[PDB]
Amino acid sequence: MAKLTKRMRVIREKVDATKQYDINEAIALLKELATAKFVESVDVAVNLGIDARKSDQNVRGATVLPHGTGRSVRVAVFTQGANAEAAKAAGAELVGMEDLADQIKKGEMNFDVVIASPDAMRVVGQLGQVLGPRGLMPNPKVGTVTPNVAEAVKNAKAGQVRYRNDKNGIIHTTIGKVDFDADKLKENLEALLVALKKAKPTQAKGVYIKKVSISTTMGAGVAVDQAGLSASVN
Amino acid sequence: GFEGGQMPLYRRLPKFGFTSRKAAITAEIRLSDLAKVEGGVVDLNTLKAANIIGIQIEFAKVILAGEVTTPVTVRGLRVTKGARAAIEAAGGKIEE
Amino acid sequence: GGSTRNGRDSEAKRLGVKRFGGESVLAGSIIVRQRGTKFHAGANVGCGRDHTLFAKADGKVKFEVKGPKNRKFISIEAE
Amino acid sequence: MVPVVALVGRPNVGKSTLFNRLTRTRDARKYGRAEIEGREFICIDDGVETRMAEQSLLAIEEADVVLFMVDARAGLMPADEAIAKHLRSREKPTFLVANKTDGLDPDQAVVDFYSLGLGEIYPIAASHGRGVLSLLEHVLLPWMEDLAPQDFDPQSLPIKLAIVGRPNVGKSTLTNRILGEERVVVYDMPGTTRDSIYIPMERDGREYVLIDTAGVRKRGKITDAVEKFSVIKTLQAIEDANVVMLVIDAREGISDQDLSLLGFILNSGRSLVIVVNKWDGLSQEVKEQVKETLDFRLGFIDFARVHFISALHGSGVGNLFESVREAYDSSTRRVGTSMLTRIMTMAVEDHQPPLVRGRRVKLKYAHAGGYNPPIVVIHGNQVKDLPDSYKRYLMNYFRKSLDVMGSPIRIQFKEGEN
RNA sequence: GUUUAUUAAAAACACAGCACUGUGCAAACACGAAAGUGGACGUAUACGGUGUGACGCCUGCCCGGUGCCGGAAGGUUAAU
RNA sequence: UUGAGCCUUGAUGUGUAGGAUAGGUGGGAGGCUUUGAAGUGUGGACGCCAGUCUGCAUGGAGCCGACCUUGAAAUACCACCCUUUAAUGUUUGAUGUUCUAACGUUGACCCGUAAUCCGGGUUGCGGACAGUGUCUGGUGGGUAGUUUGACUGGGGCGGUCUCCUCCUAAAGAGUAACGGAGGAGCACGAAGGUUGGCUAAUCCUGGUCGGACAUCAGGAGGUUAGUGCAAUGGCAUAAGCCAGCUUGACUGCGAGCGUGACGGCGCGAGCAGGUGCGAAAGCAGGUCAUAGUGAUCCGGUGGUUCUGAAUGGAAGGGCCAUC
């Protein structure tokens, strides 16, 4: 079972106890530290409170962010009675209810990001029974259960950051890879950091942001020179 | 203002306004308080030589009223659409 | 029984007759718990919720039954 | 053997609201069914109470079909998703409905919901009227293919009993015993009343109630925001009885509220049997003979019968079952103008009907206006010509000359002769 | 025996005797915010309380041992 | 002596599929994890042990998964925190025992003082207790302030109090009584909307099974039926009754009326905007009409910038909606 909690004690004793690091320095560090064999993940582990409401906490999904770059994804814009007819004028991407309808019901899919109005969305990104991915899968939520379609296509075309686990009040968001550049990464954090302050209007504690921490794997992680706080949005 | 043990009629009505406080520092001066222009220049702090106007002024509007036919100033004073209409027609500064 | 659960409170019917001012709404016949026993007709659309004669814009009561039989017909003819 | 809609949708909320709107049958009470056309079927109803998880878990496995519920303002909720998953694995069919559907025409259903490991979410009605029709039809069709289970003698009804007492004692636990001797939990709720309330349930046909507000071991689906609603229930407990049981403790019983509670019982006009529960841990010189004596002197002519049980031992268990039956026989006793008139004569001769304003009154027969709580109406002189006291004196006499281990008996007086 | 002075003398109140309980001394208890004091220069055959009412005569029922009675939870006896 | 607050180890997740054992991977099938890497207990969905069982005791294969499938998922390299569980670091509180040094000493003596008070000192005994101060739970008619209507053919007794209809009710109207009679505390998204359509009871007579019909057949009859739930007024232009189709139980306003002391309550066309249905005219602003409920507070929900005390935000409050 548990032999000795020694290998983890010496390691955590190095770089965690809220040792606040330059965001960029952290990333520089992040690729290796203890013998983790290949370049790893950049994560932010954000701790949010409570149960009974979420705004972007335990999301089996992806939301649009300032600085969407990091990845770009496949996108189809489903335009049915909604802010679709504004999307038809917009003419960005491909907009069409009944042809994209077919394409949805065909047998095969690849347009991961369904910007959607009513019919398409249910198919792609949610389905299965005991759903869950090969390691990654077409995801459902993309804020088109908060439908807008035209402006949505601009945001959509650009890309998008997926994060997911289950049910804990602490919202983890995987910031990116280390095959993405250090300063672009910083910007990913800052973007999510601005969003979160935004998030949650429903009082349960008036500062909902505890730890902005940045971490990788193999007992390797650090804290951020916290800069998410309430003052406006920073 | 009573009515025995039949219920207060105003306790048979609700409350509903709301104060401004800004309000008390918003004064209301007239067109014919350019009669008291006392200097060719309409300036808030000259109109206190008239004492026509608040001690703790922070705001004021100039409203209609009779005419005086003279150059005026008006800066930092609000002036109404109708109010400014004829004191424009007497010459005088009046841009704000 | 032994009861005396009472109090009456609808009131009002047939206010005025014939020339009635003339007015955009008349009471005409607001005439209650009925729809016929003062039957609608003339210068006025609809039989009100409680059955109202209330002008088309104006009206003296014209009254007076019609059809081959039937009703008693209250009619409104403009003032 | 037989289907049950079996509402779930997270532990609480409007979940109940929907059952009342699907039911209409009270006093069958709980279990309990929702009727549609010909066929009627039952209905059944983080970090939540351990007891409340155990009942709910108990409900869904016997459950035969299930209904999982979402609100208008509710959407997303991983906990709901877990409950939904549990249901799939264990294997019974589930339909996904959404409570007081609202929105602004069907929109956000079905879109979130496909991830729910369930597909088509039907939106409902309960405060409008179209949205109930689809659900009832869906269930109907398989259920139509099938066709599953759907003086008057003392034995014409099975004996009705409640278990009332303090807002302290773990009465609900004593309730679990009374229903048990099987060593099994039983306070699994189903829903069949108008609104969110409450268990009377029957075993052996005969009805038991659990009542008051907290400490009772009322930790339920919730419905009494204040101290008040619960009382609305105990008054139900009165309606349903011909027997009530008062649990009192020997270490928090006879509180001020409680002695009032017994005083109330007298109004309640239903048979009193007095229970003392969790009484194996009390001190060897009991406190408590005197506690019995103060209640005795108030005084309750009935048959007592004191019980000293625990819900965590059981001693009194048989003696309670027995006492209620004996009490019911006396209470429900076949009566009859003859008996009453004959014993009465003795009484008035012996101790003297009251005189009023130099005119002596006159009694002249009694008859029974019903027996179950025994009422008599005696036609004599005027209402004020007796004091309530003499009424009671003559009543007490009858209570004496023919056994009434049962409830207080009632006497009336009518006038016509004067 | 005692008593409603200034309506009411008794069957009322008291009382020995009896009964019951509480209290181990820095006592119970009582007064006195407490200090102190009384209780007591005493000391469980007492002390305090409470209660009943001479006297005589009407039989006042111990749960421990072991057993019994009802009951369940168990033990013990069962099918196994 | 012994509970538990925290700390990091433990490893994984029952339907066909799924090898079983599919909590939760950025990215997703290199990492030369060099060492010749493994199948052998905790773990694990669940004991459904199996086997697959563990970075979890063997050396035996290039440095090595010894690449995926396939479902929802599952094999290059792994990642993101939970339920759970230890081992270890602890952190802290209980009990257990003993002590003395606070503290107690209504023990004994010495002493101010040839003073039962007291004080100081010595010693004996108790002892971190006891007790008390705060805080704090339970109890508490002992003590304390007061509460316990009104109508009313004397009151109390009783019965009754709102809301509706009818009659009394004197023929505009309006209406007393402890008058006489009865009811109501909703129901209902179809029972609504709209189009198109359809036309009873009750009785005769005749016909399988057919009984005072159960259907069928005709005749008489003329709305006495039936109205969502009284009772009444009203009801064929049906309001009934049947079906298609719809979602106006829309929205923002409102001439002008009735009817209330006031609180106020009701009717109301049309315009405007948007809608819906209907071939089109047109109809649709909840229900046959008449009952189905309540001020004011104060707080909850959602929206708004309106407010907002140095100054910006931010709270609370107003507003709009709703509980």
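Quick note: the coordinates plus some simple rules give every number you see, no bench work behind them. Neighbour counts are summed over all protein chains in view; Cβ atoms, including those assigned to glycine, are modelled from backbone coordinates with ideal geometry.
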Q) Kirkwood hydrodynamic radius (Cα pairs, Å) of chain A? A) 19.6
Q | Translational diffusion coefficient (Stokes-Einstein; Kirkwood radius from C-alpha pairs) of the stretch A:138-234 at 20 °C, 1.002 mPa s, in µm²/s | A | 137
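Please quote Rg/Rh for the stretch D:50-186 to two decimal places, taking the Kirkwood radius as Rh and restricting both calculations to Cα atoms.
That ratio equals 1.08.
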Q) For the stretch C:1-78, what's the relative contact order in percent, using C-alpha pairs closer than 8 Å and at least 6 residues apart? A) 30
Q: Take the alpha-carbon positions of the stretch D:255-374, form their convex hull, and give its projected area averaged over all directions (one quarter of the hull surface) in nm².
A: 11.1
Q: Quick one: net charge around A:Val142, please, counting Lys, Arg +1 and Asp, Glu -1 for every other residue with C-beta under 14 Å from its C-beta.
A: +4
Q. Once Rh for the stretch C:15-79 is found with the Kirkwood sum over Cα pairs, what is the Stokes-Einstein diffusion coefficient at 20 °C and 1.002 mPa s, in µm²/s?
A. 191
Q | HN-Hα J in Hz across the stretch D:321-328 - Karplus 6.51, -1.76, 1.60, θ = phi - 60°, x for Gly and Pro | A | 4, 5, 5, 4, 5, 5, 5, 5
(Q) Across the stretch B:21-94, what fraction of all alpha-carbon pairs, as a whole percent, falls in each successive 5 Å bin from zero upward? (A) 4, 18, 31, 28, 13, 5, 1, 0
Q | Proximal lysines to C:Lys69, defined as alpha-carbon separation beneath 27 angstrom and excluding residues fewer than eight positions away on the same chain | A | C:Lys13, C:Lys18, C:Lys38, C:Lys56, C:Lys60
(Q) Quick check on packing: order D:89-95, D:47-53 by the mean number of other C-beta atoms within 10 Å, highest mean leading. (A) D:89-95, D:47-53
Q: Taking all pairs of distinct Cα atoms, average 1/r, flip it, and tell me the Kirkwood hydrodynamic radius of the protein assembly as shown in Å to one decimal place.
A: 36.7
Q. Antiparallel as a % of all DSSP beta bridges within chain D, to the nearest 5?
A. 30
Q: Take the Cα atoms of chain D, build their convex hull, and give its volume per residue in Å³.
A: 191
Q: Could you order peptides D:173-180, D:197-204, C:63-70, A:48-55 by the average number of other Cβ atoms within 10 Å of their residues, highest first?
A: D:173-180, D:197-204, A:48-55, C:63-70
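Taking a 19 Å limit on the Cα-Cα distance, which of the listed pairs A:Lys19/A:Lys54; D:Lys15/D:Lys100; A:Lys54/A:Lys200 fall beyond it?
Too far apart for the 19 Å limit: A:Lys19/A:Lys54.
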Q) Taking only C-alpha pairs under 8 Å that are 6+ residues apart, what is the relative contact order of chain A in percent? A) 36
Q: Kindly provide the Kirkwood hydrodynamic radius of the stretch A:184-234 in Å, to one decimal, from all pairs of distinct alpha carbon atoms.
A: 12.1
Q: Return the sequence-ordered ³J(HN,Hα) values of the stretch D:386-391 in whole Hz as given by the Karplus equation 6.51 cos²θ - 1.76 cosθ + 1.60 applied to θ = phi - 60°, using x for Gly and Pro.
A: 9, x, 4, 5, 5, 4
Q.
Going Cα to Cα from D:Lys362, which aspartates and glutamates come in below 15 Å? Please leave out same-chain ones fewer than 8 positions away.
A. D:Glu349, D:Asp350, D:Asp385, D:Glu415, D:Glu417
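Rounded to the nearest 5, what % of DSSP beta bridges with both residues in the protein assembly as shown are antiparallel?
Within the protein assembly as shown, antiparallel bridges account for around 40 percent of the total.
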Q) Between B:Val42 and residues 5 or more places away or on another chain, which pairs have amide H atoms under 5 Å apart, with H built 1.01 Å from N, and which residues are they? A) B:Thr73, B:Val74
Q: Return the long-range amide H neighbours of D:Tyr365 (sequence gap of 5 or more, or a different chain), with a cut-off of under 5 Å between placed amide H atoms.
A: D:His379
Q | Inter-probe distance in nm under a simple model that places probes 7 Å from Cα toward Cβ, at C:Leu15 and B:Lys93 | A | 6.6
Q) Each label point is 7 Å from the Cα along the Cα-to-Cβ direction; what then is the distance between the points at A:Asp102 and A:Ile11, in nm? A) 5.5
Q) Are there trypsin sites (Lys or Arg not before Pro) in the stretch A:190-234 that DSSP puts in a loop and that have at most 12 other Cβ atoms within 10 Å, and which ones? A) A:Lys205
Q) Could you give me the ³J(HN,Hα) list for the stretch D:342-352, computed from phi with Karplus coefficients 6.51, -1.76, 1.60 and θ = phi - 60°, whole Hz, x at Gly and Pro? A) 5, 5, 4, 4, 4, 4, 6, 5, 6, 8, 5
Q: Scan around D:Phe95 for amide H atoms under 5 Å from its own, H built in the peptide plane at 1.01 Å from N, and keep only partners 5 or more places away or cross-chain.
A: D:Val66, D:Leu67, D:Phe68
Q: Provide the percentage of antiparallel DSSP beta bridges, counting only those with both residues in the stretch D:1-143; round to the nearest 5.
A: 20
